[PDB]
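Peer 1: Sequence plus experimental coordinates follow:
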Amino acid sequence: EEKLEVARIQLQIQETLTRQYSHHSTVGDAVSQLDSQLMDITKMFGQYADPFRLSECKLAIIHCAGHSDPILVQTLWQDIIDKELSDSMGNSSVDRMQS
Amino acid sequence: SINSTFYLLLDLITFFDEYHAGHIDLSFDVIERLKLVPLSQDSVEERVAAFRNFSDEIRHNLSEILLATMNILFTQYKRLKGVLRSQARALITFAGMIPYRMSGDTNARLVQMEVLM
Amino acid sequence: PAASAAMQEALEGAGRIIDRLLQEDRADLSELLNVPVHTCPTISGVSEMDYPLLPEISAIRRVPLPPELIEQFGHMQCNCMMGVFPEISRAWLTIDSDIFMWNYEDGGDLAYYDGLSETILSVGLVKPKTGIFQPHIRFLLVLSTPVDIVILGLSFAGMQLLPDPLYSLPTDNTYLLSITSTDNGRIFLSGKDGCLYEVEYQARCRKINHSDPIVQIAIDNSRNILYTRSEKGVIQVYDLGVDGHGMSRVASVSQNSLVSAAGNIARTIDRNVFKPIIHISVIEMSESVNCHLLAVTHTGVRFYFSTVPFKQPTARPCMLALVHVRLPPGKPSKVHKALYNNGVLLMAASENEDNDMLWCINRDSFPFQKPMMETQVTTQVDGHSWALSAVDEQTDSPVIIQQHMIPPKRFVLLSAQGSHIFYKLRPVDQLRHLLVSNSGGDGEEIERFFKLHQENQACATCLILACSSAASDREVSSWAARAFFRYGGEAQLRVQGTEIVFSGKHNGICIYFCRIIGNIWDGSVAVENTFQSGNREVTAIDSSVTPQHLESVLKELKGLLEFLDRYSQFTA
């Protein structure tokens, strides 16, 4: 059970890279590695996302394990927020709201 | 939501009605259109996430639902004997990922029939 | 006032876009194939853009030939033939003397008939000539044996064939190769000696001769032009007159004359690729007033042939002049059977002696592209393709405007292993699978489909699901609107006078609405109908619109109000 949980978190990191990081050089290699074999928690934590600032997957794992130091949660949330906001900088104010 | 649930309920009622009658191909078409159970591998993940919002009365039936679907496809490989494989695979994988303890003898029939092909 | 006046201004600009689009929506196979004049043939099928290319066909559902037929196949040592009758969901398999007809849908309704002593050589179905038979007799089964033609009545409760034939006549020691009929119930037969014969019956029946064994008779009851083909590729054109009761040969072209004209047109092709001519097919006027014949070569050369001068819609057939030659992709070989329907061409090729490949080409992808483009694919099929038919369901605008009401289309292929149904997915089901795979409203493939369909039409096709109501899509829905919000772009002022380009959303919703109703944007609210009430004519003013269609139109409009509302706040 905990295993398939990990497996999900991985596949999330994977598809996230694919969608977001086509231009990155190291993309294909991370892809091959992660598609080869089941990665440990700390591995996915430090090697794939911690490089790529994939805050979503970050919260995903951090819940998958359950550490909770107050400030981290808030910084992570605000990060997801400010990012999603900045990205919609071209959309209409209304569109930004709805997104 | 409700209206949906209702319509789906009448629908699946027809579906199982036909199933109990044995016009198998009909039932196949019905579920196929109803796009609830994945029937080809790539659909699996999507369908499964849907369960985390499906309203209860569905959940109450999902067991017999999957059971009948696999019994049908089984009979399909039966007549073809006396894709089906990849479809059955999508169904079993669905059963696995599903965040809800299906009953035991359910899992029993599922695994056994998945083997017997 | 100022409110109401601005509202009138709106409805007006709306209708303006609407008429603009509808006018574009009427906008020909001729102006497709780039053939300027009846005498100025051109060719396509050589540049990659013509095939510049997302599943296109549905995944095949198989169905085995009912066991009884695999049983009886042990007793056919003289001959066998298998054809598909679409209109009655039936297949007919003749063993030398006997006919078996079964429900090609699921293998039911095995009906047999053994009333013939000599070998049945050709079989035909005919919708009976109006009022000649009593009303229970839905169709007539024509059988052709080495000696005679036998006419049996077929009634429908359950497949009910009358055991006693309704008519008998001599085939005059002439083997009948193909049986065919036109809409009004004229019966044509192809004599192995290449003579076209007609069976004129009334309430009483006689054979007549009107005319290289002719092996395919194509009748377009949309213009009453009978096109026929010999084994040597002789193509003969007969007019039936405007009233359609006529029969007179008007034109003829020989396969070698064809190949010669061909090598003249396409200087680079090895001329053999033009010959022989495997299939002729009427291109119904409904799609093209211009073209009146499509031809399918063994190497897939696709020929377009015309019978009357361009833009002369009233003319019955007068000539047989080729207009444009379609070269194939790449490559198809050993084409051994085919079928065309509505810009779809399917062809069955012999890869091995027991395995066939099905190639299909169609013009859906870019109904608005000058010159013609087409997507195509090939798929494996078990068995020698004995017959390949289409199922008849119940100019037109293209799918990209009517998808909001009409089904994705179904096609059925029959092989020695059984039936395989598939579906031509409208752009809708395209967007669907593209979504469902990426399993979330974001994906670069979405950026692609967006750039493909000219964002406005995208936003429209997006709403096309974004209001669907049956259960199977509840999740997909929440996703797709997200998509509609993401990739539709942004309003901006185009400074040329300054012109405004409403975001793909605005014009998209507009087009969606008009595609919902459209024709009533200008049509009449009421029309005077006249009923012959006995000896008195009665004028009534009846609604231009019928109820059931209006109910559906409402339901959709309600939906549009709903989405409009849910998005009403979010746009401010």
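Peer 2: Sure thing, it's come through. Numbering: from 1, shown residues only, chains lettered A, B, ... in the order given.

Peer 1: Residue C:373: what secondary structure?
Peer 2: The assignment at residue C:373 comes out as coil when based on DSSP: H, G, I helix; E, B strand; the rest coil.

Peer 1: Can you pull the phi and psi angles for the closest residue to it other than its chain neighbours?
Peer 2: The shortest distance from residue C:373 to any non-neighbouring residue, by C-beta to C-beta, 6 or more residues apart in numbering or on different chains, is to residue C:366 (4.4 Å). For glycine as for every other residue, the C-beta is placed from the backbone atoms N, C-alpha and C. Backbone geometry at residue C:366, expressed as degrees, to the nearest 10, gives phi -140, psi 60.

Peer 1: For residue C:20, see how far away residue C:366 is.
Peer 2: In this view, residue C:366 and residue C:20 are 20 Å apart by C-beta to C-beta, to the nearest Å.

Peer 1: ok, these two, which is more surrounded?
Peer 2: More crowded of residue C:366 and residue C:20, by other C-beta atoms under 10 Å in any protein chain shown: residue C:366, with 18 against 11.

Peer 1: quick one: the more buried one and residue C:400 touch, right?
Peer 2: No: contact criterion C-beta atoms under 8 Å: residue C:366 and residue C:400 do not qualify, at 9.7 Å.

Peer 1: and the gap between residue B:17 and residue B:27?
Peer 2: Counting by C-beta to C-beta, the gap from residue B:17 to residue B:27 is 9 Å.

Peer 1: okay, these two: which has more neighbours?
Peer 2: Taking neighbours as other C-beta under 10 Å, residue B:17 and residue B:27 compare with residue B:27 leading, 22 against 13.

Peer 1: got a list of what the more buried one touches?
Peer 2: By C-beta atoms under 8 Å, 6 or more residues apart in numbering or on different chains, the contact set of residue B:27 is B:15, B:18, B:19, B:68, B:72.

Peer 1: can I assume it sits in a strand?
Peer 2: No: looking at residue B:27 with three-state DSSP, it is helix, so not inside a strand.

Peer 1: what are the phi and psi values for the residue nearest to the spatial centre of chain A?
Peer 2: For chain A, the residue nearest the mean C-alpha position is residue A:57 (2.8 Å; C-alpha atoms, centre = their mean). Per-residue torsions, residue A:57: phi -50, psi -30 (degrees, to the nearest 10).

Peer 1: mind listing what's buried in stretch C:132-148?
Peer 2: C:133, C:137, C:139, C:140, C:141, C:142, C:143, C:144, C:145, C:147, C:148 (16 or more other C-beta atoms under 10 Å in any protein chain shown).

Peer 1: Narrow the residues you listed to those in helices?
Peer 2: Here DSSP state H is the test, and those give no hits in helices at all.

Peer 1: Closest to chain A out of the contacts of residue B:27?
Peer 2: Nearest to chain A, judged by C-beta to the nearest C-beta, of those is residue B:68 at 26.3 Å.

Peer 1: who's in contact with the closest one?
Peer 2: With contact set as C-beta under 8 Å, 6+ apart, residue B:68 has these partners: B:16, B:19, B:27.

Peer 1: part of a helix, is it?
Peer 2: Yes: counting by three-state DSSP, residue B:68 is found in a helix.

Peer 1: Distance-wise, check the residue in chain A that chain B sits nearest to relative to residue C:326.
Peer 2: Chain B sits closest to residue A:4 of chain A, with a gap of 7.4 Å, by C-beta to the nearest C-beta. With the distance defined as C-beta to C-beta, residue A:4 ends up 53 Å from residue C:326.

Peer 1: So between those two, which is more surrounded?
Peer 2: residue C:326 (23 against 10).

Peer 1: Spit out the contact partners of the closest residue to that one other than its chain neighbours.
Peer 2: Ranked by C-beta to C-beta, 6+ apart and with sequence neighbours excluded, the top spatial neighbour of residue C:326 is residue C:302, at 3.5 Å. Counting by C-beta under 8 Å, 6+ apart, residue C:302 touches C:45, C:294, C:295, C:296, C:325, C:326, C:327, C:328, C:345.

Peer 1: try 10 Å
Peer 2: C:33, C:44-45, C:279, C:281, C:294-296, C:324-328, C:340, C:345, C:347, C:361 (C-beta atoms under 10 Å, 6 or more residues apart in numbering or on different chains).

Peer 1: In helices, which of the residues you listed fall?
Peer 2: Here DSSP H is the test, and the contacts of residue C:302 give residue C:33 as lying in helices.

Peer 1: residue contacts, the residue nearest to residue C:373?
Peer 2: Counting by C-beta under 10 Å, 6+ apart, residue C:366 touches C:52, C:53, C:372, C:373, C:374, C:375, C:398, C:400, C:452, C:453.

Peer 1: In contact with the closest residue to chain A within the stretch 51-200 of chain C, which residues?
Peer 2: Closest to chain A within the stretch 51-200 of chain C is residue C:54: 18.3 Å, counting by C-beta to the nearest C-beta. Applying C-beta under 10 Å, 6+ apart, we find residue C:54 in contact with C:365, C:375, C:425, C:427, C:429-431, C:433-434, C:445, C:448-449, C:452.

Peer 1: ok, 7 Å please
Peer 2: Residues near residue C:54 by C-beta atoms under 7 Å, 6 or more residues apart in numbering or on different chains: C:430, C:434.

Peer 1: what does residue C:212 give?
Peer 2: Each residue near residue C:212 by C-beta under 7 Å, 6+ apart is listed here: C:194, C:230, C:231, C:232, C:234.

Peer 1: does it count as helix, strand or coil?
Peer 2: Classified using three-state DSSP, residue C:212 is coil.

Peer 1: Quick check: nearest residue in space to it, chain neighbours excluded?
Peer 2: In space, residue C:212 is closest to residue C:230, 3.6 Å off (C-beta to C-beta, 6+ apart).

Peer 1: Count the neighbours of that neighbour for me.
Peer 2: For residue C:230, using other C-beta under 10 Å, the count is 19.

Peer 1: and it, what does it touch?
Peer 2: C:194, C:212, C:213, C:214.

Peer 1: Likewise for residue C:286?
Peer 2: For residue C:286, the contact set (C-beta under 7 Å, 6+ apart) comprises C:222, C:395.

Peer 1: Go again with 8 Å.
Peer 2: Residue C:286 makes contacts with C:222, C:395, C:396, as judged by C-beta under 8 Å, 6+ apart.

Peer 1: Give me the helices and strands touching the longest helix anywhere in chain C, please.
Peer 2: When chain C is parsed with DSSP H, its longest helix is helix C:2-25. Contact here means 3 or more C-beta pairs under 8 Å, 6 or more residues apart in numbering or on different chains; DSSP states H and E; on that basis helix C:2-25 packs against helix C:504-516.

Peer 1: centroid residue for chain B?
Peer 2: Centroid-nearest residue in chain B: residue B:66, 3.2 Å away (criterion: C-alpha atoms, centre = their mean).

Peer 1: Now do the same contact list for that residue.
Peer 2: So residue B:66 contacts B:37, B:91, B:94, B:95, B:102, B:106, B:110 (C-beta under 8 Å, 6+ apart).

Peer 1: So what sits opposite the residue nearest to residue C:212 in the bridge?
Peer 2: residue C:214 (DSSP bridges).

Peer 1: list the contacts for the residue of the stretch 1-150 of chain C found nearest chain B?
Peer 2: Residue nearest to chain B within the stretch 1-150 of chain C (C-beta to the nearest C-beta): residue C:106, separated by 5.3 Å. Residues in contact with residue C:106 (C-beta under 8 Å, 6+ apart) are B:23, B:25, C:63.

Peer 1: could you redo these as TSV and give each row neighbour count?
Peer 2: Below are the contacts of residue C:106 laid out as TSV (neighbours: other C-beta atoms under 10 Å in any protein chain shown):
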residue	neighbour count
B:23	15
B:25	15
C:63	21
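
Peer 1: okay if I get those residues as JSON lines plus distance to residue A:76?
Peer 2: JSON lines is the format used below for the contacts of residue C:106 (distance: C-beta to C-beta, whole Å):
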{"residue": "B:23", "distance to residue A:76": "54"}
{"residue": "B:25", "distance to residue A:76": "52"}
{"residue": "C:63", "distance to residue A:76": "55"}
